[PDB]
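Chains as they are written, first to last, in PDB author numbering: chain C, 24 to 829; chain B, 26 to 828.
Working notes, beginning with the structure itself.
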Ligand code: NA
Ligand code: NA
Ligand code: NA
Ligand code: NA
């Protein structure tokens, strides 16, 4: 539950086994070295851990969906007298069973909600047994996690993300005294004029020893951590539910996306044998969706500037650490985000705390995501995960929407599809959300035959990607908003293979018909069939998506009725249904790469959405441009500055004034001659409001030679950093000319002491990857030794590079 | 909805015992074949397995399975409608079959539940098997009241855990769209001058109709409208808030002027117009900390009773007419409060409490034994939720009870106070989550008295413990232990028609000052310390004085919320085989067939204003004592003054004064003449300017009697085909043994039958004498019989009955 300094992340001294054991005895039985019990061999791991850290993006295998085991020897020493030992799971995928020695102590189905197990009694029983001697005072903890495919479990394997397995969020050892808090619910409301706040403090006690009386103190501190309320309830019954306090705050400090400010509620439960303190934060804010209108925060219109995220990261799959999450959420805030839909499931509470602290409003949904509707167990799981999500995240001021599902019109996990049954269950979930928490709105995305059930509705609008042209975005949005009481557009964008650029982003896109919608339908997401569309025919360069995002954002400045939108997603993430993407098994629509490297599109959002002066010439990852000699090449600058001057090789190209509606690049575009060879492009901006000057500089080569078809791979050592070498491949034609438009797939192999830094799900961390402008990079960990790298490409001679260590 | 709701009462058959499988209920069976046994019994519903064997003195009442079957003629008037079986209640575990298909099951004998049988009916009517049933649909129902330690209530309880379809079973036709739940949330402002009503509903919509027009209308006590609104094109799916309204100066519900509002809901589509209604009331209730109870801002002494669902001849299977008569009898006695025994009761009872002005405590049957496993706990949670959800709208209800005597162990080989506390607090929390407008309560579990809102200890002064003159001081000590004290259960047993010249005769060993709580062993007739429950003569004369004392003390207890006497009416219980009426708890002020006892008039004289007057001793034919003894005569009356006449001679006027105990000052000491006497009382009530009178006749006997020597049996009266037979115990000299309590056994051979197994002192074939007398009725069946009368150690006597 909620503790403090008694919460211990169990990260070290774990072992992992892919696959099942024959019974719990195999995890704990005596095993001599070299015996039959000494196989299978387990892998030492540090938690958090995901079964699929590598195989989700490995280009040659289906990611593992099945059982796996973890074991540790727990060093238990409870600092509380007669205290409790609780295992607190931030989240584990998907079905988990927990054992203390040979005793099954808990189970859970659901990969995204938190849950816990009190193991006090099992530990005591184990420690009192003759078997305890062999474990040298420690307690064997064995945990089975299972992400086997299961049609009767949400989410559906039809979904566009990995249904990951393992202990991929922190597992906490929580020591508690005799009496603690099982639940703390802070009900906050804000009066009509916003000058009066009401706080009700409700709690559920955890009291397995049946202590009859306790003294409970409730204290509330303001945003400066000064106390504004304190009350002690003497001799209360600390059992079950208790309302501890009801209080009115005059002139409360409001939580806002620009100034996120939180109050703190500190609860203490005292007996003769304990003093136990924990705290919980909350915020005061008023939210309102206008009928056929926009969104209001604290009585003022706020355009939601949104993104999404999956719990997925390079090298670790779902097993992100707290530091990784803080960096990601800080990157979002620095981009100007004020709204996020947390993918298709409840996310780590670390993320929710960061949204409270950084000022990011939240839509959080259950993973009822495609496939239809299952039987009683499926439904019981959905209800349980909805209730768990609302109960667990109720206090976060960031949350404004509880989502009930995504693309529930997508069939075929069952041999029937019954719209009426889906409506009935959707209404049951909506009713449950309002029964549990009527201060927030319910929502779904893309299920038109349920659009009368939920409070807030999103259709599918992928203008310029899965359908139509992106200049239809505004008109499609105008038509769609009129169909529902509260319209909120979640998911739009396009894929970009990071570091791939184009001199003509529309080269194969000139015959896409406008005026025929922009929704994703069955078959549009696949690589085959359908009608002409950028998702199928586009080059997947960053150059196209930068122009697509630019368009959407400048249109939103002229849509005063719009609640807002959320781009899909913030960061590239792995998906099992896209084996043939330029990075295999990665959805590449992010504006950030899967390893946190910003794409060029990140700066488009930042230039529109932030006030801190910045300036970004497009093409930081574009080393070689091309065209005719003395052709005037378009240069785009993404900046929030009021005026920008561009310099090419030190020669001024003139000052331009920023104007969002002067598309593209908000008027900050130039057409300049590049010299054959290297060029230095510099941009200098001033932001009048800040009286600040900022600059950006890039270097680009310009190639006038035309190229024939790919003929060879040229492989070279580009640079080194310690034990790591960066290898570059360049596709060239029969005359040695760089094939700057090539998308040919390149394969890396290594033999010797080193290893490829591959399976990261990034365009520079993939052992099979489509070229970006005829080039491909990968890093090699040399391991202080010698290796040979081979580079393969279909129909081309294989090339080799030796890597030596000094 | 009366138009759509059909009581299934006729054309049922009943089988005591189990079948080998559903096929036995519906298989072809030729006359004289093996399938033609076992033989079933034609019955009319409602029906209870135990209508006779609960009070039959020679058998344990049946706890086990039994079956019912009927053939249903189905004709749904609604297009594409639903067919639902709606159970008011059935004991205890029920399974429902349409032909061979199991369509529903239920565990819990006291909550309502229903089964949609639409699809099974359709599948049956379309099958080759339908032809042999001639257009009808076979419905077979298994009910089971087998003993079960993992099911509440406990068999340790002082009532029968009855079996069968003992509350109405309704056939309900519905259109496509109907209301599954109607919830009326009412609250009443500080000054009682502003009322708030929220109308919430859950739709039943299996065809997924997307739109409907819904009308909400609220009517007052005359059924005239105070609010009406139509919601056009609403989504009739799941939960919908239909209306929230403020009523200025609402009419308040009160125990003297019970006034109800009615909420009427209509749901219309192009294919249907469906209307149903629900009643509610506005009233403010408050339990004061360490203080009394307030209704609508004024202190109200709760004048309470209890009732079990049990009645002569039918056990739990009471009809609506029987329930109406019983509740009217209570209201006419001055009752303003009832605790509904140990379980949820028929909604007919709740509607009557709303209409008559009787506040209600209703509880789940977690009644003795300890605490069971997961199924047991799930049942208690389910029955609590069902009771609150189903009865939420009744303004009469002020308390949801969570259990009774949960400190009473031995249904399990363990007893864990901490586990009982934990589950009790879970139930308390659930009640407040569902309905924070009412108080929770329990009775007699001291180690849980900090959990609930309102608490009752055990105070049985003058019966199970102590003397009844300790009632007030015990109540004073007990009320200080808890925030809100409310005393439920007190009283004493009286064998109706048994009286005593010395009501306190064998009560010499009973010790005062050491509590009045029933503890382990007190309820038994054996062992334990001296107590009136074991040592008293069980006369009406004792309980009348015990009740009199309690009621006059309550006039001097200004801090008292109130009390509830246990029970209104004698009822059957399996744990008292040796009572004067076997297997009947005889603490009622009314007999099990509705005949008032003398104690009924004690309550009435204290609790009502309508002028009445009742000389004690209407069922006391022969008084006794010495020649020229001055006999005490008590008159129970609410008149201001009463004059008594004995054989036409005035004995003086006396003024009523409750504190002048006993009989509120309306007592005389008069000489009876040997032989017959006529006692007449005339009272006047000044407020009403009304005079009322009562008269009784009593014989007076001066002869002393020896031990019982013989049974003298005679035909006392006859009415049509019925004969009233009287037994009189006499000594060796022929003198009536007016103090005899000896058990009398009746037998009959021939054409007639005993009118026995009623659970009444005049309807029992084994019964203790009342003042040496015993009566029973015989249905002669237009023929000849011989009645035999047996009594231990006495010669058996015989009476011929000719027609
Ligand atoms: Na893969
Ligand atoms: Na699934
Ligand atoms: Na019996
Ligand atoms: Na039982």
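Just so you know, even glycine gets a beta-carbon here, dropped at the ideal spot from N, CA and C.
Under 7 Å between C-beta atoms of residue i and residue j
i: residue 564 (chain C); j: residue 524 (chain C); result: yes
i: residue 753 (chain B); j: residue 798 (chain B); result: yes
i: residue 790 (chain C); j: residue 800 (chain C); result: no
i: residue 305 (chain B); j: residue 286 (chain B); result: yes
i: residue 50 (chain B); j: residue 61 (chain B); result: no
i: residue 521 (chain C); j: residue 253 (chain C); result: no
i: residue 771 (chain B); j: residue 586 (chain B); result: no
For residue j and residue i, the rounded distance between their alpha carbons
i: residue 28 (chain C); j: residue 197 (chain C); result: 9 Å
i: residue 39 (chain B); j: residue 291 (chain B); result: 39 Å
i: residue 532 (chain C); j: residue 566 (chain C); result: 13 Å
i: residue 208 (chain C); j: residue 223 (chain C); result: 8 Å
i: residue 64 (chain C); j: residue 75 (chain C); result: 18 Å
i: residue 70 (chain B); j: residue 339 (chain B); result: 11 Å
i: residue 67 (chain B); j: residue 549 (chain B); result: 39 Å
i: residue 114 (chain B); j: residue 276 (chain B); result: 33 Å
i: residue 374 (chain C); j: residue 390 (chain B); result: 47 Å
i: residue 431 (chain B); j: residue 744 (chain B); result: 49 Å
i: residue 4 (chain B); j: residue 321 (chain C); result: Missing from the structure shown is residue 4 (chain B); chain B here goes from 26 to 828 and no further.
i: residue 594 (chain B); j: residue 624 (chain B); result: 11 Å
i: residue 717 (chain C); j: residue 684 (chain C); result: 23 Å
i: residue 88 (chain C); j: residue 632 (chain C); result: 40 Å
i: residue 296 (chain C); j: residue 131 (chain B); result: 47 Å
Any chain C beta carbon closer than 7 Å to residue i
i: residue 506 (chain B); result: no
i: residue 443 (chain B); result: yes
i: residue 263 (chain B); result: yes
i: residue 399 (chain B); result: no
i: residue 475 (chain B); result: yes
i: residue 233 (chain B); result: yes
Any chain B beta carbon closer than 7 Å to residue i
i: residue 450 (chain C); result: yes
i: residue 446 (chain C); result: yes
i: residue 260 (chain C); result: yes
i: residue 454 (chain C); result: yes
Residue nearest to residue i in terms of C-alpha spacing, selected from the options
i: residue 670 (chain B); options: B:516, B:704, B:73; result: B:704
i: residue 245 (chain C); options: C:522, C:269, C:288; result: C:288
i: residue 308 (chain B); options: B:331, B:69, B:210, B:243; result: B:210
i: residue 755 (chain C); options: C:728, C:593, C:744, C:359; result: C:728
i: residue 526 (chain C); options: C:257, C:650, C:186; result: C:650
i: residue 502 (chain C); options: C:582, C:412, C:473; result: C:582
i: residue 195 (chain B); options: B:31, B:251, B:250; result: B:31
Three or more C-beta pairs closer than 8 Å, one from the segment 659–666 of chain C and one from the segment 683–694 of chain C: is that the case here? A contact exists between the segment 659–666 of chain C and the segment 683–694 of chain C.
Check whether the segment 221–240 of chain B and the segment 422–433 of chain C are in contact - that is, three or more C-beta pairs closer than 8 Å. Contact between the segment 221–240 of chain B and the segment 422–433 of chain C is absent: fewer than three C-beta pairs spanning the two stretches fall below 8 Å.
Do the segment 389–407 of chain C and the segment 473–489 of chain C touch if we need at least three Cβ pairs shorter than 8 Å? The segment 389–407 of chain C vs the segment 473–489 of chain C: no contact.
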